[PDB]
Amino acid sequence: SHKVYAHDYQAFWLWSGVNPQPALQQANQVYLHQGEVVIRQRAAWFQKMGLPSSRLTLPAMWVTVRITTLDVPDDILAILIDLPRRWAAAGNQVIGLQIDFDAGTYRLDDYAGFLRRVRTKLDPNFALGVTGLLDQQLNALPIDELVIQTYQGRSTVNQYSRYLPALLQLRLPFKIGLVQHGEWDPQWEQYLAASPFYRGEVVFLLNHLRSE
């Protein structure tokens, strides 16, 4: 049960402020962070972050946006669903849009409604993915892929293992998100391999600390 090394994995998040790493040259998928919807003055606001839409040396990619509120007008949603369009028009193979839910406490009907709205406005060639901290009802979500995050910041959350046993009940393609160099017991991988819906792991790449 060592730390997480990128050279052992093949899918990655590239977040705002993180430098590309050679592991991205062996990957099948990359999840490209592109901004966040946040509350500025009791009102939703999209802040674009990360790389500009352009041609880059990457595998098939997702556009990832962190959503900290579900009170979002249709104009922001139009922005969000244009993002994968813009990355595709630059010449990249784009799989779709991944919403990273970091939005406190809503009822699952709320998340379902948000995802239904997004799916309505998202071009049908693009898939719709979900990711978020661990937290079965999930199967009702109108999504194509779910990624269960096991980390906070630079560290794996202690007792993440409490949430993994039940994932064998998922009925949609799912992955486990790990942070680079975090604590991780890879035996869990084999466990989750029992499910025909398990699609492996995604690694959150990190930069060095200025202190190191």
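Note that residue numbering follows the sequence shown and begins at 1.
Chain break class at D71/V72 - deposited residues not modelled: Nothing is missing between them.
Given 57-65 and 24-32, the range whose Cα B-factors average higher in the PDB entry: It is 24-32 that shows the higher mean C-alpha B-factor.
Of 36-44 and 176-184, the one with larger mean CA B-factor: Going by the record's values, the stretch with the higher mean is 36-44.
Residue, from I143, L164, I148, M49, that the PDB entry assigns the highest Cα B-factor: The C-alpha B-factor peaks, among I143, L164, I148, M49, at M49.
Of the residues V130, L138, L77, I95, the one carrying the largest Cα B-factor as recorded: The listed residue with the largest C-alpha B-factor is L138.
CA B-factor ranking of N207, expressed as a third of its chain: CA B-factor rank for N207: lowest third.
Third of the chain, ranked by Cα B-factor, where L14 sits: Lowest third - that is where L14 ends up once the chain's C-alpha B-factors are sorted.
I99 - which third its CA temperature factor falls in, relative to the rest of the chain: Its C-alpha B-factor belongs to the lowest third of this chain's values.
For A112, the third of its chain into which the C-alpha B factor falls: Within its chain, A112 is a middle-third residue by C-alpha B-factor, going by the deposited values.
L168, C-alpha B-factor rank within chain (lowest, middle or highest third): Its C-alpha B-factor, which the entry lists for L168, ranks in the middle third among residues of this chain.
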